[PDB]
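This is what each chain is made of:
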Amino acid sequence: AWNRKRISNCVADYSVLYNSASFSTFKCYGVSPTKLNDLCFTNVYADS
Amino acid sequence: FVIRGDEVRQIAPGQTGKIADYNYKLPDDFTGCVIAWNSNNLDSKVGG
Ligand SMILES: *[C@@H]1O[C@H](CO)[C@@H](O[C@@H]2O[C@H](CO)[C@@H](O)[C@H](O)[C@H]2NC(C)=O)[C@H](O)[C@H]1NC(C)=O
């Protein structure tokens, strides 16, 4: 059972998600993480 | 140099991680061989 918390209409950031919590694994598919700041996506979905 | 076993994967061509991206980064065209081996006895003491 998973929850799609759909995200829309705001301004994100991802550098903050690199140091505060030292994640065990971080595998950015189809997109090199470091460049996530400088492009605008469509209809981001989160799963948990 | 000596780094922990978990970060051994990080020290390789085209890989991410804190030390790899902040301390020592291998070039993409690297043509060499990397060697690793524990020395626990040498890295263990009474006073640490
Ligand atoms: C969830 O955890 C993160 C840490 O991974 C929290 O981020 C910290 O929050 C405090 C309070 O705002 C800041 O002082 C710290 O600077 C943040 N950590 C770092 C390293 O900067 C975050 O607040 C937590 N979120 C929730 C909703 O509880």
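All residue numbers are counted from 1 along each chain's written sequence and may depart from the entry's numbering; residues that have no coordinates are not represented. To label them, take the chains in the order written and letter them from A, then take the ligands in the order written and number them from 1. Summary scope: the chains shown constitute part of a larger assembly, and all values are computed over the shown part. For side-chain calculations, the full set of non-hydrogen atoms in the structure is used, while hydrogens and water are omitted. Residues with missing side-chain atoms are left out of burial classes, side-chain pairs and their counts.

A.B. asks: How should the overall build of chain A be read in this particular structure?
C.D. replies: Summing up its helical and strand segments, chain A has zero helices and zero strands in all. We call a residue buried when its accessible area falls under 20% of the maximum for its residue type, exposed when it is over 50%, and partly exposed in between, using a 1.4 Å probe and counting protein chains only. Buried residues in chain A amount to 4% of all 48 residues. Only runs of H or I of at least four residues qualify as helices and only runs of E of at least two qualify as strands under DSSP, and these elements are numbered from the N terminus.

A.B. asks: What am I meant to see in the side chain of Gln10(B) here?
C.D. replies: All names here are of chain B. Checked against the element boundaries, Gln10 lands in the segment before α1 (18-22). Residue class for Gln10 comes out buried when judged on its relative accessible area of 13%. Separated by 3.0 Å, the side chains of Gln10 and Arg9 make a polar contact. In contact with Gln10, other than residues within four places in its own chain, are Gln15, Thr16, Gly17 and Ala20. Polar contacts, as counted here, are pairs of nitrogen or oxygen atoms within 3.5 Å of one another; within protein the pair requires one atom able to donate a hydrogen and one able to accept it, and residues that are adjacent in sequence qualify only if both atoms are side-chain atoms. The contact definition used throughout considers only heavy atoms, calling two residues in contact when any of these lie within 4.5 Å.

A.B. asks: Got a minute to help me understand unusual backbone geometry in this structure?
C.D. replies: Across residues other than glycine, the phi torsion is negative in most instances, and most of the peptide bonds are trans. Residues and elements named next belong to chain A. You will see that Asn9, though not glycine, has its phi angle at about 55°, which is positive. You can call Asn9 exposed: its relative accessible area is 80%. Backbone geometry at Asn43 places phi at a positive 55°, although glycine is not the residue there. For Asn43, a relative accessible area of 38% gives the class partly exposed.

A.B. asks: Just to check I follow, could you spell out the packing of aromatic side chains for this structure?
C.D. replies: One pair of aromatic rings is described through two measures. These are the centre distance and the angle between the planes. Two rings belonging to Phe, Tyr or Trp (six-membered ring only in the last case) form a pair when the distance between their centres is within 6.5 Å. Interplanar angles under 30 degrees mark stacking, angles over 60 mark edge-to-face geometry, and anything in between is tilted. Within the structure shown, the criterion is met by two aromatic pairs over all chains. A centroid spacing of 5.2 Å and a plane angle of 80° characterise the contact between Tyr18(A) and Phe26(A), whose relative ring orientation is edge-to-face. Judged by relative accessible area, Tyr18(A) falls into the partly exposed class, the value being 38%. Where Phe1(B) meets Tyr24(B), the ring centres are 5.5 Å apart and the plane angle is 50°; that geometry is what we call tilted. You can see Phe1(B) sitting in the segment before α1 and its partner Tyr24(B) sitting in the segment after α1, a full 23 residues away along the chain. For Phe1(B), a relative accessible area of 71% translates into the label exposed. Given a relative accessible area of 41%, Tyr24(B) falls into the partly exposed group.

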